[PDB]
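Undergrad: One structure follows; several queries about it will come next.
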Amino acid sequence: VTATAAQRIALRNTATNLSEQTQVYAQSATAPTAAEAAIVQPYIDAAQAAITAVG
């Protein structure tokens, strides 16, 4: 409610990218190696940065 439009739209922007990037873990149950974890990690941080600062 108090949050501006930029934060509200970023909430969806980060969530969409995180959902798109995480889809790989639903097709298989094999644990990933350190190479893919490093590539996937920044999206989690970005999603956390948008979950915070909006409440």
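In the structure tokens, chains take the letters A, B, ... in the order shown, each chain's residues start at 1, and ligands count up from 1 in the order shown.
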Could you please write out, as a VMD selection string, every residue of chain A that DSSP assigns to helix (DSSP H, G or I)?

TA: chain A and resid 5 to 22 24 to 27 34 to 51

Undergrad: I want to know what sits within 12 Å of residue 39 of chain A, based on only C-alpha atoms, with residues of the same chain fewer than 5 positions away left out; could you give that as a list in words?

TA: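 With the cut-off at 12 Å, the set is residues 18, 21, 22, 32, 33, 34, 44 and 45 of chain A.
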
Undergrad: Report as a VMD selection string all protein, DNA and RNA residues lying within 12 Å of residue 16 of chain A, evaluated on only C-alpha atoms, omitting residues in the same chain fewer than 4 positions from it.

TA: chain A and resid 9 to 12 20 to 23 43 to 44 46 to 47 50

Undergrad: Which neighbours of residue 8 of chain A fall inside 12 Å, counting only C-alpha atoms, when residues of the same chain fewer than 5 positions from it are skipped, and could you give them as a PDB file with N, CA and C atoms, in the first residue's frame?

TA:
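And here's selection01.pdb as it stands now:
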```pdb
ATOM      1  N   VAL A   1       0.859  -1.218   0.000  1.00  0.00           N
ATOM      2  CA  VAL A   1       0.000   0.000   0.000  1.00  0.00           C
ATOM      3  C   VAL A   1       0.879   1.246   0.000  1.00  0.00           C
ATOM      4  N   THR A   2       1.788   1.325   0.972  1.00  0.00           N
ATOM      5  CA  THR A   2       2.676   2.480   1.064  1.00  0.00           C
ATOM      6  C   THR A   2       3.781   2.402   0.018  1.00  0.00           C
ATOM      7  N   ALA A   3       4.142   1.187  -0.391  1.00  0.00           N
ATOM      8  CA  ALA A   3       5.206   1.009  -1.371  1.00  0.00           C
ATOM      9  C   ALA A   3       4.838   1.680  -2.687  1.00  0.00           C
ATOM     10  N   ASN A  13       8.814  -8.523 -11.412  1.00  0.00           N
ATOM     11  CA  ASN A  13       9.930  -8.692 -12.336  1.00  0.00           C
ATOM     12  C   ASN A  13      10.924  -9.723 -11.819  1.00  0.00           C
ATOM     13  N   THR A  14      11.296  -9.627 -10.541  1.00  0.00           N
ATOM     14  CA  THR A  14      12.231 -10.589  -9.967  1.00  0.00           C
ATOM     15  C   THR A  14      11.607 -11.976  -9.859  1.00  0.00           C
ATOM     16  N   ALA A  15      10.330 -12.042  -9.475  1.00  0.00           N
ATOM     17  CA  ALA A  15       9.671 -13.333  -9.307  1.00  0.00           C
ATOM     18  C   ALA A  15       9.589 -14.088 -10.627  1.00  0.00           C
ATOM     19  N   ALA A  50      13.871  -7.812  -3.435  1.00  0.00           N
ATOM     20  CA  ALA A  50      12.539  -7.315  -3.737  1.00  0.00           C
ATOM     21  C   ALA A  50      11.497  -7.752  -2.720  1.00  0.00           C
ATOM     22  N   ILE A  51      11.666  -8.919  -2.096  1.00  0.00           N
ATOM     23  CA  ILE A  51      10.797  -9.298  -0.988  1.00  0.00           C
ATOM     24  C   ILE A  51      10.976  -8.325   0.169  1.00  0.00           C
ATOM     25  N   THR A  52      12.220  -7.971   0.479  1.00  0.00           N
ATOM     26  CA  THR A  52      12.476  -6.911   1.438  1.00  0.00           C
ATOM     27  C   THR A  52      12.259  -5.546   0.782  1.00  0.00           C
ATOM     28  N   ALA A  53      12.184  -4.513   1.621  1.00  0.00           N
ATOM     29  CA  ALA A  53      11.965  -3.128   1.212  1.00  0.00           C
ATOM     30  C   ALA A  53      10.555  -2.885   0.690  1.00  0.00           C
ATOM     31  N   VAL A  54       9.664  -3.868   0.794  1.00  0.00           N
ATOM     32  CA  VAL A  54       8.277  -3.728   0.367  1.00  0.00           C
ATOM     33  C   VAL A  54       7.314  -3.966   1.528  1.00  0.00           C
ATOM     34  N   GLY A  55       7.826  -3.994   2.755  1.00  0.00           N
ATOM     35  CA  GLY A  55       6.997  -4.228   3.921  1.00  0.00           C
ATOM     36  C   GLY A  55       7.658  -3.782   5.212  1.00  0.00           C
TER      37      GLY A  55
END
```

Undergrad: In Å, rounded to a single decimal, give me how far atom CA of residue 6 of chain A is from atom CA of residue 40 of chain A.

TA: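 Atom-to-atom, atom CA of residue 40 of chain A to atom CA of residue 6 of chain A, that is 24.1 Å.
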